[PDB]
2 protein chains.
Amino acid sequence: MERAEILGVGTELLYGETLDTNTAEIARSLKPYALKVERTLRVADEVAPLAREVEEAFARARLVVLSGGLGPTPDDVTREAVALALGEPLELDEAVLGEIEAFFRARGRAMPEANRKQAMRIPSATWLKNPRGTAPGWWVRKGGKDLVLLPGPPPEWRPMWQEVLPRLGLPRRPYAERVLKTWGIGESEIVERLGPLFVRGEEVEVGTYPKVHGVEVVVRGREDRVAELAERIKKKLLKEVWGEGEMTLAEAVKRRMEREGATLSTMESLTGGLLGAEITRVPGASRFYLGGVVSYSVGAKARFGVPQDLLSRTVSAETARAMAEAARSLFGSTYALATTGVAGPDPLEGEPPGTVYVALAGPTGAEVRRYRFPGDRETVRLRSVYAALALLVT
Amino acid sequence: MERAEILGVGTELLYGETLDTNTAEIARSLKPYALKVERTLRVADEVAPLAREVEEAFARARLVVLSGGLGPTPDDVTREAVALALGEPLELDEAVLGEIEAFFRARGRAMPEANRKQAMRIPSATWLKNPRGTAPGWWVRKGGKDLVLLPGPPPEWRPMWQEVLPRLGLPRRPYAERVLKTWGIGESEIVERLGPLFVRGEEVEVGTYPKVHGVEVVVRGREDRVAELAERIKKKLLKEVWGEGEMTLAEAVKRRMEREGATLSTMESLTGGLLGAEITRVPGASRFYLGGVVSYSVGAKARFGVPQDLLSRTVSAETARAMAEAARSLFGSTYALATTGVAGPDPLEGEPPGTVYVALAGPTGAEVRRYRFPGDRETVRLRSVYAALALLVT
Ligand SMILES: Nc1ncnc2c1ncn2[C@@H]1O[C@H](COP(=O)(O)OP(=O)(O)OC[C@H]2O[C@@H](O)[C@H](O)[C@@H]2O)[C@@H](O)[C@H]1O
Ligand SMILES: Nc1ncnc2c1ncn2[C@@H]1O[C@H](COP(=O)(O)OP(=O)(O)OC[C@H]2O[C@@H](O)[C@H](O)[C@@H]2O)[C@@H](O)[C@H]1O
Ligand SMILES: [Mg+2]
Ligand SMILES: [Mg+2]
């Protein structure tokens, strides 16, 4: 098995000022291909060391993938280092320069001189278009080997990588991963519910991964084994599984609302807006989500329809019900969600951080669910958002 | 300046099954010393590739540090790789083996035979005690160079490292770093404004880090050189610096509101609640943040005060101003922020994705800023949140 080598470029990655997730994500994407990943590197933004590491990775590898340092600044040296490592001159491509200039023109700016180096390439490179930023990537095919340069930000490189990857002509191997997403059941109860299905052979293996949106059950390995094992696991957890793969609670809610021709609105306290944020993260949200209130003060709560009598007891089922009913009446939506409780770090009304009520008001009345969540302030806010969503799709 | 090499060992680190914080944490611990970290590696649990990387690392470095693979399983091969890489045989230390047998006896168990190999070390190694786990570390002094082996778990290695590090006799250099957080200036303008200040020497260097919350400018290296160069730099960027170090936009906004005794509300369209969520992320936000509305439907935009005549150009500076003025009136807050625009993927009102207006209303009036953000839907939404917060801290 030939090697894939994967280098994250950036001094800030060495120190973990940002944690390098790119090399790992790229390693994971390579699992359906018959390439060995023996190591990954993070490399400082310095031309001579980077060139040395690139030259060495390329010598030993079928595929070398770099991310980062394609920007316009003196700390962005990946293109100069790669051209040094491959023994090729960097050449300005006028057409790409024109494209960057147009990108700045559209935004009402003249292109600064520093951007020019983003349009440089070596003879062996073809361009990988980047509609999400100013630095296009490179794909170098040379001597039967591939070297791919990607911009550092994941929102920019992910769809570039996704497109180039099948074009590389890499040898395949039958791998698959199936992600089964559950809610309201702990790791232990899942293991025990599965029993012999909880396989950990080298052909195929099952794992449990607790997340803020519930425990994932992940099946990975040889594609045939994954498909069959995942089917059987899915049956054992049929009541707990709310979606798979790319499905999210926010998208499942969207599917339900569009199936019913229904609308949704929200009123939030401790989640601060994060619930409306999560609903609207999914394209098409405006077809059903009418909007929401962030009632983060007594005055706002009263103004938008929560009864005076409840205002001094916010950590309660009665409050979560009244807020969902207030939202529904204010927006006239088919359904409304509410969140109230203690995020942390301080207790509130004698209740510890993590004490949360979420409520759903619909045509047939209201329901409330109480949780006691583990985690710091941000984690409790997150789990509260997924718990309110779960009211509609679990 | 000589090199320090840092290798995290473990196949799971390559794929992100375990997130490699060890290598970065060790690199940060080395900042007080005159050593260059050019790269960090993560390496698979295989004895041949691991020994090759250790050999290469040791050859080029004054210091090598490894973590992980000190366990008792067949996949724990770090001791074997180091011995191989350094051309020395492993030797059983009978006293350490008795300590391991004590560890298992201390918990009512015989020592499994697999744990025997944890008492092996090479002649050039002294032991590093581990009172938290069974694997002692190594300190190898050889050829005026140091190589340290540490166990994978942070609670085990952290005290071990802190104890051995000041014994290694590493050359010290007075280190400092300064992080300047900017908004509303791109990397190229920064390059041009700074010009020759954008130093990249061995004693001191300047870097930029483009984030969704704006460009961070980092100066790091010799203590006297960093203070002067960062002061000059901050003076060149005075209008655009809104914070330093650990400061965040949400915290900066909190500071201003507490300084003035002022309150804040929001009205959001495209950001969907994300702006409220970012404001309330910081503990103590309830002292100034009254709440907000998410006016996602045209009906909600009209309900919360956007004038009828603007509902056909909700993506405009006039509407953003009207939304901020409405929120301010609706909540009776000192200030209000509003967001409106085109998140993507589809255009809206003829305007392309990334077209965003943010506005601030206060006692002295309202103001609006327009942006054209490249990026996918989630990125446009995030940038808009920070753009709105930047109106209050410039
Ligand atoms: N290994 C990594 N893992 C996770 N995130 C990363 C990594 N490397 C970079 N990032 C993220 O990307 C950010 C920018 O990293 P750079 O290396 O500077 O990316 P660069 O390739 O130079 O491009 C920067 C910007 O310039 C534009 O022309 C280009 O389109 C991009 O918008 C980092 O601050 C970090 O948030
Ligand atoms: N680079 C890393 N970054 C962060 N955490 C890490 C890293 N490497 C390991 N860890 C953490 O430590 C855990 C164990 O990693 P191993 O490499 O297996 O640790 P190892 O040195 O082999 O020792 C494991 C156990 O065996 C004992 O004898 C030894 O004392 C330790 O208790 C990992 O699951 C992870 O939680
Ligand atoms: Mg860059
Ligand atoms: Mg181990």
Side-chain angles (χ1 to χ4, degrees), chain A residues 6-14 16-27 40-45 50 65-79 96 99-100 103-104 111-112 114-119 128-138 149-158 160, chain B residues 8-13 16 18-20 24 40 42 45 67-79 114-115 117-118 133-135 150-153 156 186-188 190-191 207-216 218 373-376 379 382-383:
Chain A
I6 313 177
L7 292 85
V9 182
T11 303
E12 81 282 13
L13 308 171
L14 301 173
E17 283 149 27
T18 297
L19 232 46
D20 161 40
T21 54
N22 287 356
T23 60
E25 192 167 334
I26 295 165
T40 65
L41 280 79
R42 278 128 308 276
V43 185
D45 302 291
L50 182 52
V65 187
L66 285 97
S67 75
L70 297 187
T73 75
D75 77 352
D76 289 319
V77 300
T78 304
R79 292 183 297 257
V96 172
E99 286 171 339
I100 302 171
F103 168 100
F104 285 84
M111 185 193 146
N115 293 89
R116 289 170 56 89
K117 74 191 192 65
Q118 290 172 307
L128 296 179
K129 284 331 173 196
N130 180 7
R132 295 162 200 86
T134 75
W138 293 356
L149 262 44
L150 298 165
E156 288 182 48
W157 71 259
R158 284 159 172 152
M160 303 163 69
Chain B
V9 180
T11 295
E12 290 171 21
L13 304 177
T18 296
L19 161 77
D20 164 40
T40 65
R42 294 156 185 178
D45 296 293
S67 67
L70 300 193
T73 90
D75 287 348
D76 293 312
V77 292
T78 301
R79 288 178 294 259
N115 288 87
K117 63 178 184 173
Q118 295 185 310
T134 61
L150 299 167
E156 298 182 28
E187 280 197 295
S188 335
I190 285 165
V191 178
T208 53
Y209 305 91
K211 301 290 172 178
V212 279
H213 66 249
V215 187
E216 306 181 356
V218 180
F373 297 127
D376 62 14
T379 301
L382 276 151
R383 309 273 283 141

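In what follows, every chain begins at residue 1, and chains take the letters A, B, ... in the order their sequences are listed. All values below come from the heavy atoms of this structure, side chains included, with hydrogens, waters and symmetry mates left out. Whatever order the structure lists them in is the order used to number ligands and atoms, beginning at 1.
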| field | A/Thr18 vs A/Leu13 side-chain heavy atoms within contact, under 4.5 Å | value | yes
Contact summary for [X] and [Y], nearest pair of heavy atoms:
X: A/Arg79; Y: A/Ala135; answer: NH1-CB, 4.4 Å
X: B/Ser67; Y: B/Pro151; answer: CB-O, 4.1 Å
X: A/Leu14; Y: A/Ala44; answer: CD1-CB, 3.5 Å
X: B/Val212; Y: B/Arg383; answer: O-NH1, 2.8 Å
X: B/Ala114; Y: B/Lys117; answer: O-CG, 3.4 Å
X: A/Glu156; Y: A/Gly133; answer: OE1-CA, 3.7 Å

Polar contacts were defined as any N/O atom of the residue lying under 3.5 Å from an N/O atom of the ligand; does this apply to [X] and ligand 1?
X: A/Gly69; result: yes
X: A/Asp20; result: yes
X: B/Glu187; result: no
X: A/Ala135; result: yes

| Between CG of B/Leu19 and CD of B/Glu12, what distance do you get to the nearest 0.5 Å? | 12.0 Å
Looking only at protein heavy atoms, identify the closest one to [atom] and say how far it is in Å.
atom: atom 7 (C) of ligand 1; result: A/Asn22 ND2, 3.2 Å
atom: atom 4 (C) of ligand 1; result: A/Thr21 OG1, 3.2 Å
atom: atom 26 (O) of ligand 1; result: A/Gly71 CA, 3.9 Å
atom: atom 27 (C) of ligand 1; result: A/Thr134 OG1, 3.6 Å
atom: atom 25 (C) of ligand 1; result: B/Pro210 CG, 4.3 Å
atom: atom 15 (O) of ligand 1; result: A/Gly152 CA, 4.1 Å

Would you kindly specify which portion of [X] sits under 4.0 Å from ligand 1, judged on non-hydrogen atoms: side chain, backbone, both or neither?
X: A/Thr78; result: neither
X: A/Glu156; result: side chain
X: B/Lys211; result: side chain
X: A/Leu70; result: both
X: A/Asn130; result: side chain

| task | Compute whether any side-chain donor of one residue and acceptor of the other, for B/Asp75 and B/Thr73, lie under 3.5 angstrom apart. | result | no
| Protein N/O/S atoms under 2.8 Å from the Mg ion (ligand 4): how many? | 1
Can you sort out which atoms of ligand 1 are near [X], meaning under 4.0 Å from one of its heavy atoms?
X: A/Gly133; result: 30 (O)
X: A/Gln118; result: 27 (C), 28 (O)
X: A/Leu19; result: 3 (N), 4 (C)

| query | atom 13 (C) of ligand 1: which of A/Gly10, A/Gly68, A/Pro153 has the nearest heavy atom? | reply | A/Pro153
| request: Using a strict 4.0 Å threshold on nitrogen-to-oxygen distance, state whether A/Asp20 and B/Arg42 make a salt bridge. | output: yes
